[PDB]
């Protein structure tokens, strides 16, 4: 935000701190002394920003962050480790960028209790009704790869999935329940799509206000003698919204069932999305001007250069901390 | 010498295309030395 306030009438606007315009840049018409992309680095800045944002953005709801340091808070690390189960390593693409992930399950205790009750019922039903062969080891391996081991047999449906970045293990995010999931059997690729609202906090707070108003009205009526959906409500503020889509690759057959079971009934979210699409304000698509004039944009160029220098200076320490 | 061939390429009161403007910028860029303060 503290970036230099661009001089009036520049042929670009500063979007996310960088020079961009809605229309495709016409350098040849607009620039007399264009600095090279090497000189500008705008492309570099954009790429670093993109990757970092993908590491830290709002795409998935955050749920756990490593606490910024005989404090017992150390003892909670193994507890948080055990509250999730450990699962195998998978690749993700974010726009032009790609990332890698290991998978972790969030232990739904109701599924554990119901599994114990189901085993009780099945046992009671059964009681009421009443060298070594390596090929068998290969069969067991394949069965455990496409059928389910005990932890997978309990967590088939309603299991909870946590995402973590293998290049940034500090943050954990929820897999979107309000998402469309397609499992490509031929390519082993999974595409996830969801709509995201930039002022969602505004909508949630107005939703809370409406809930309070309805509760007050019900209390007033009671003094004499609910699937509240903010997106349906006529007084909901305009969502600034974006539709998003992402592809996963590298997930194995057994995990697909867990994932496929985990997401919400499709028609309901489809109708919700259609409402969002009527009421939403779509994010406008714009084009970055990677080339800047060395004379009119000298301040902007140097500012970008300085910020890049600081970013790189910090980035070395990140691995030096490992 | 090659610029003279380039000069003959220049528009001659016809219907010529934008690509000339690239050469124009090439000549314009020659105006002064580039005061690039900090190397990228």
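Protein chains in written order, with the entry's author numbering: chain K, 59 to 127, 138 to 198, 424 to 518, 529 to 625; chain B, 657 to 696.
Every residue gets a Cβ at the ideal spot worked out from N, C-alpha and C, and that includes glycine.
Item to check | Outcome for residue 150 (chain K) when other beta-carbon atoms lying within 10 angstroms are tallied against a minimum of 16 | outcome: Residue 150 (chain K) should be labelled exposed.
Next on the checklist: Quick test of your reading: residue 77 (chain K) and residue 487 (chain K), contact by CB under 8 Å. State the CB separation rounded to the nearest angstrom.
Outcome noted: In fact, because the Cβ distance is near 30 Å, the residues do not count as touching under 8 Å.
Checklist entry - Would you call the CB atoms of residue 356 (chain K) and residue 90 (chain K) closer than 8 Å? => result Placed between 198 and 424 in the numbering, residue 356 (chain K) has no coordinates, as chain K goes from one to the other without interruption by modelled residues.
Checklist entry - In terms of alpha-carbon separation, which member of K:428, K:492, K:177 and K:489 lies closest to residue 450 (chain K)? => result Taking only the C-alpha atoms, the option nearest residue 450 (chain K) is K:177.
Checklist entry - For the stretch 678-696 of chain B, which residues have a beta carbon sitting closer than 8 Å to at least one beta carbon of chain K? => result Cβ contacts with chain K come from 678, 681, 684, 685, 687, 690, 691, 692, 693, 694 and 696.
Next on the checklist: I'd like to know if residue 88 (chain K) contacts chain B, where contact means its C-beta is closer than 8 Å to some C-beta of that chain.
Outcome noted: No, no contact with chain B.
Checklist entry - Closer than 7 Å, Cβ to any Cβ of chain B: which residues of the stretch 90-106 of chain K, in chain order? => result Listed by position along the chain: 90, 91, 96, 97 and 99.
Checklist entry - What's the C-alpha gap between residue 606 (chain K) and residue 114 (chain K)? => result Each residue's alpha carbon lies about 23 Å from the other.
Item to check | Through-space distance from residue 696 (chain B) to residue 99 (chain K), alpha-carbon basis | outcome: Each residue's alpha carbon lies about 7 Å from the other.
Next on the checklist: So if I threshold CB-CB distances at 7 Å, which residues from the stretch 587-604 of chain K count as touching chain B?
Outcome noted: Residues of the stretch 587-604 of chain K with a C-beta less than 7 Å from any C-beta of chain B: 597, listed in chain order.
Checklist entry - Under 8 Å between the Cβ atoms of residue 579 (chain K) and residue 540 (chain K)? => result At a Cβ-Cβ threshold of 8 Å, residue 579 (chain K) and residue 540 (chain K) do not count as neighbours.
Next on the checklist: Is residue 563 (chain K) close to chain B? Criterion is C-beta to C-beta, closer than 8 Å.
Outcome noted: Taking Cβ atoms only, chain B never reaches closer than 8 Å to residue 563 (chain K), which makes this a no.
Checklist entry - Which of the three DSSP states, helix, strand or coil, is assigned to residue 566 (chain K)? => result DSSP, reduced to helix, strand and coil, places residue 566 (chain K) outside both helices and strands of the structure shown, so it counts as coil.
Checklist entry - From K:86, K:71 and K:85, pick the residue whose C-alpha is nearest to that of residue 79 (chain K); which is it? => result Nearest of K:86, K:71 and K:85 to residue 79 (chain K), Cα basis: K:71.
Checklist entry - Can you give the Cα-Cα distance for residue 467 (chain K) and residue 514 (chain K), rounded to whole angstroms? => result Using only the alpha carbons, I get a separation of about 40 Å.
Item to check | Alpha carbon of residue 64 (chain K) to alpha carbon of residue 92 (chain K), nearest angstrom | outcome: Looking at the two C-alpha atoms, the distance is approximately 17 Å.
Checklist entry - How long is the line joining the alpha carbons of residue 508 (chain K) and residue 120 (chain K), rounded to whole angstroms? => result Cα to Cα, residue 508 (chain K) sits roughly 30 Å from residue 120 (chain K).
Checklist entry - What residue range is occupied by the uninterrupted beta strand (DSSP E) comprising residue 465 (chain K)? => result That run of the beta strand (DSSP E) goes 461-467.
Checklist entry - Which residues, in chain order, does the stretch 605-620 of chain K contribute to contact with chain B at a C-beta distance below 9 Å? => result Cβ contacts with chain B come from 605, 608, 609, 611 and 612.
Checklist entry - In terms of alpha-carbon separation, which member of K:473, K:170 and K:491 lies closest to residue 464 (chain K)? => result Per the Cα distances, K:170.
Checklist entry - If you draw a straight line from the C-alpha of residue 94 (chain K) to the C-alpha of residue 594 (chain K), how long is it? => result The straight-line gap from Cα to Cα measures roughly 6 Å.
Next on the checklist: In the DSSP assignment, the alpha helix (DSSP H) including residue 602 (chain K) goes from what residue to what residue?
Outcome noted: Start and end: 601-623.
Item to check | Separation of residue 442 (chain K) from residue 180 (chain K), as counted between CA atoms | outcome: Between residue 180 (chain K) and residue 442 (chain K), the C-alpha separation is close to 15 Å.
Checklist entry - Roughly how far, in whole angstroms, is the beta-carbon of residue 482 (chain K) from the beta-carbon of residue 550 (chain K), given that I think they are within contact range, below 8 Å? => result So it is a contact: roughly 6 Å between Cβ atoms.
Item to check | Cβ pair residue 158 (chain K), residue 485 (chain K) closer than 8 Å | outcome: Here residue 158 (chain K) is not near residue 485 (chain K), since their CB atoms are 8 Å or more apart.
Checklist entry - Rounded to a whole number of angstroms, what is the C-alpha to C-alpha distance between residue 622 (chain K) and residue 168 (chain K)? => result Residue 622 (chain K) and residue 168 (chain K): Cα-Cα distance of roughly 18 Å.
Next on the checklist: Which complete alpha helix (DSSP H) runs does the stretch 434-507 of chain K hold, if anything under 4 residues is left out?
Outcome noted: Within the stretch 434-507 of chain K, the complete alpha helix (DSSP H) runs of at least 4 residues are 443-447.
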